[PDB]
Amino acid sequence: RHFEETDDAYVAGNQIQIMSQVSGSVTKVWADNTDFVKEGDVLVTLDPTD
Amino acid sequence: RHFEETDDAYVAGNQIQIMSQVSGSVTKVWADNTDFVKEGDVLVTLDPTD
Amino acid sequence: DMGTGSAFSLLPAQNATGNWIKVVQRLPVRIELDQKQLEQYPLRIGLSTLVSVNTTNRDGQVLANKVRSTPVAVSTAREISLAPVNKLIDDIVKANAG
Amino acid sequence: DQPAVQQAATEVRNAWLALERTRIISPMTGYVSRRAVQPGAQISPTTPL
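Chains P, H, D and X are the protein sequences, given in the same order.
Here the first sequence is numbered in the deposited numbering, starting from 47 and rising by one per residue.
Here the second sequence is numbered in the deposited numbering, starting from 47 and rising by one per residue.
Here the third sequence is numbered in the deposited numbering, starting from 293 and rising by one per residue.
Here the fourth sequence is numbered in the deposited numbering, starting from 195 and rising by one per residue.
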């Protein structure tokens with residue numbers, strides 16, 4: 047035998063969580079779900095008063 | 047076949063957890079379960095002493 | 293969706309002590325309803341439903357590639373206009389100016 | 195170029211970076227999977243979005 051087989055193999059990739067660098071209150075959302083996003087695009091905006 | 051079916055579906059929607067921007071104590075509560083509230087309506091009030 | 297739910301789970305799918313058993317996976321699909329029917333026959337979150345998708349026509353569009361310039365959900369009820377504060381400050385300045 | 199003026203310039207820079215960061219930018223090209231952010235939510239740098 048020159049072959050090893052397993053049926054316990056899944057498909058893995060990179061997933062990134064999105065976290066703010068500040069604290070605020072949300073005012074807009076720009077991507078809902080299953081939507082294409084480019085690098086550098088805004089996904090959330092906060093109230094800029096303070 | 048030309049069709050695909052599934053009974054594992056469930057209706058989905060949006061939900062917001064109302065949270066305060068400041069700390070304090072509560073003195074009023076303007077709504078209870080199953081109450082229609084419009085945008086810009088007051089839901090809670092705090093003691094303004096501090 | 294580009295994930296099967298088990299992608300982001302915080303716990304092992306199966307126990308370490310037990311053996312491994314194959315399980316067919318499931319992948320969610322977003323379906324959008326017509327809004328003229330909801331207003332007269334409204335729904336509620338979490339109700340069960342039988343879905344059927346017609347797959348006769350196949351252009352080959354699996355992944356969306358169009359970006360949109362309009363935000364989806366916007367709220368500005370928490371924005372406070374600074375008129376009265378600016379008037380109070382002006383009045384105080386006039387008061388303490390002699 | 196005086197030492198006193200540059201100190202305040204640094205604080206101006208920090209405040210400006212704080213203001214420019216009220217817009218949250220995507221670091222990677224990809225597709226959105228989970229969305230637990232709604233208008234009006236109170237967000238800290240430890241809350242997934």
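C-beta: ideal position from N, C-alpha, C; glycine also.
- Between the C-alpha atoms of residue 70/P and residue 216/X, what's the straight-line distance to the nearest angstrom? As a working mapping, residue 70/P is identified with position 24 in the first sequence. As a working mapping, residue 216/X is identified with position 22 in the fourth sequence. If you take the alpha carbons of residue 70/P and residue 216/X, they lie about 8 Å apart.
- Task: Kindly indicate which three-state DSSP category residue 202/X falls into: helix, strand or coil?
- Result: As a first step, residue 202/X is located in the fourth sequence; it is residue number 8 there, counting from the start. Collapsing the DSSP output to three states places residue 202/X in a helix.
- Contacts that residue 342/D makes with chain H (C-beta to C-beta distance below 9 Å): Taking the third sequence and counting its residues from 1, one reaches residue 342/D at position 50. Residues of chain H passing the Cβ test: 51, 52, 53 and 55.
- Item | N-terminal and C-terminal residue of the beta strand (DSSP E) that residue 74/H is part of | Taking the second sequence and counting its residues from 1, one reaches residue 74/H at position 28. Residue 74/H -> beta strand (DSSP E) spans 72 to 75.
- Query: Just reading off the alpha helix (DSSP H) that residue 382/D is part of, what are its end residues?
  - Reply: In the third sequence, residue 382/D corresponds to position 90, counting from 1. First-last of the alpha helix (DSSP H) with residue 382/D: 375 to 388.
- Have a look at residue 68/P and residue 239/X and give me their C-alpha separation to the nearest angstrom. Residue mapping note: residue 68/P aligns to position 22 of the first sequence, counting from 1. Residue mapping note: residue 239/X aligns to position 45 of the fourth sequence, counting from 1. The straight-line gap from Cα to Cα measures roughly 6 Å.
- Query: Mind checking residue 90/P: buried by the 16 CB within 10 Å criterion, or exposed?
  - Reply: One-based indexing of the first sequence puts residue 90/P at position 44. The C-beta of residue 90/P has 16 or more other C-beta atoms within 10 Å across all chains shown, which makes the residue buried.
- Item | With 16 other Cβ atoms within 10 Å as the buried cut-off, status of residue 341/D | Mapped onto the third sequence, residue 341/D falls at position 49. Burial check for residue 341/D: the Cβ neighbour count within 10 Å stays below 16, so the residue is exposed.
- For residue 345/D versus residue 49/H, is the C-beta spacing smaller than 9 Å? Position 53 of the third sequence, counting from 1, holds the residue named residue 345/D. Position 3 of the second sequence, counting from 1, holds the residue named residue 49/H. Contact flag set, yes.
- Query: Can the beta-carbon of residue 224/X be found closer than 9 Å to that of residue 62/P?
  - Reply: As a working note, residue 224/X is residue 30 in the fourth sequence. As a working note, residue 62/P is residue 16 in the first sequence. For residue 224/X and residue 62/P, yes; Cβs fall inside 9 Å.
- Message: Give me the chain D residues within the contact set of residue 71/P, using Cβ-Cβ distance strictly less than 7 Å, ordered along the chain.
- Response: Residue 71/P sits at position 25 when you count from the first residue of the first sequence. Neighbours of residue 71/P on chain D, chain order: 370.
- Message: Residues of the segment 331 to 359 of chain D in Cβ contact with chain H at a cutoff of 8 Å, in chain order, please.
- Response: Residues are counted here when their Cβ sits less than 8 Å from a Cβ of chain H; for the segment 331 to 359 of chain D these are 335, 336, 337, 338, 339, 340, 341, 342, 343, 344, 345, 346, 347 and 348, given in chain order.
- Message: Just to confirm the assignment, what range does the beta strand (DSSP E) spanning residue 342/D have?
- Response: Your numbering for residue 342/D matches position 50 in the third sequence. From DSSP, the beta strand (DSSP E) with residue 342/D extends over 340 to 346.
- Message: Short of 6 Å in beta carbon distance, which residues of its chain neighbour residue 73/H, apart from the five on each side in sequence? Order them along the chain.
- Response: Residue numbering aside, residue 73/H sits at position 27 when the second sequence is read from its first letter. Taking residue 73/H as the centre and dropping the five residues before and after it, the same chain places the C-beta of 91 and 93 closer than 6 Å to its C-beta, in chain order.
- Query: Is the CB of residue 231/X under 9 Å away from at least one CB in chain P?
  - Reply: Position 37 of the fourth sequence holds residue 231/X. At least one chain P Cβ lies under 9 Å of residue 231/X.
- Query: Does DSSP classify residue 214/X as helix, strand or coil?
  - Reply: Taking the fourth sequence and counting its residues from 1, the one referred to as residue 214/X is at position 20. Residue state, collapsed to three classes: helix.
- What does residue 200/X touch in chain H if you count any residue whose Cβ is under 8 Å from its own? As a first step, residue 200/X is located in the fourth sequence; it is residue number 6 there, counting from the start. Here the premise fails: no neighbours, minimum Cβ distance about 35 Å.
- Query: Buried or exposed: residue 231/X, going by 16 or more other Cβ atoms within 10 Å of its Cβ?
  - Reply: Sequence index remark: in the fourth sequence, residue 231/X carries index 37 (1-based). With 16 or more other Cβ atoms within 10 Å, it is buried.
- Message: Using the Cβ count rule (16 or more neighbours within 10 Å means buried), how would you classify residue 381/D?
- Response: To locate residue 381/D, count along the third sequence from 1; it is residue 89. Its Cβ having fewer than 16 others within 10 Å, residue 381/D is exposed.
- Item | Partners in chain X for residue 79/H, counting only beta-carbon separations shorter than 8 Å | Along the second sequence, one-based indexing puts residue 79/H at 33. Within 8 Å Cβ-Cβ: nothing; residue 79/H doesn't reach chain X, min ~19 Å.
- With a threshold of 16 other CB atoms inside 10 Å of the CB of residue 220/X, please say whether the residue is buried or exposed. As a position in the fourth sequence, residue 220/X is number 26, starting the count at 1. Within 10 angstroms of the beta-carbon of residue 220/X lie 16 or more other beta-carbons, which makes it buried.
- If the cut is a Cβ gap below 9 Å, which residues of chain D does residue 87/P touch? Numbered from 1 along the first sequence, position 41 holds the residue referred to as residue 87/P. Neighbours of residue 87/P in chain D, taken as residues whose beta carbon is under 9 Å from its own, are 359 in chain order.
- Message: With H, G and I counted as helix, E and B as strand and the rest as coil, what does DSSP make of residue 209/X?
- Response: Residue 209/X sits at position 15 when you count from the first residue of the fourth sequence. Look at residue 209/X here: in three-state DSSP terms it is helix.
- For residue 329/D, does the three-state DSSP call read helix, strand or coil? Within the third sequence, residue 329/D is the residue found at index 37, counting from 1. DSSP places residue 329/D in helix when its eight states are reduced to three.
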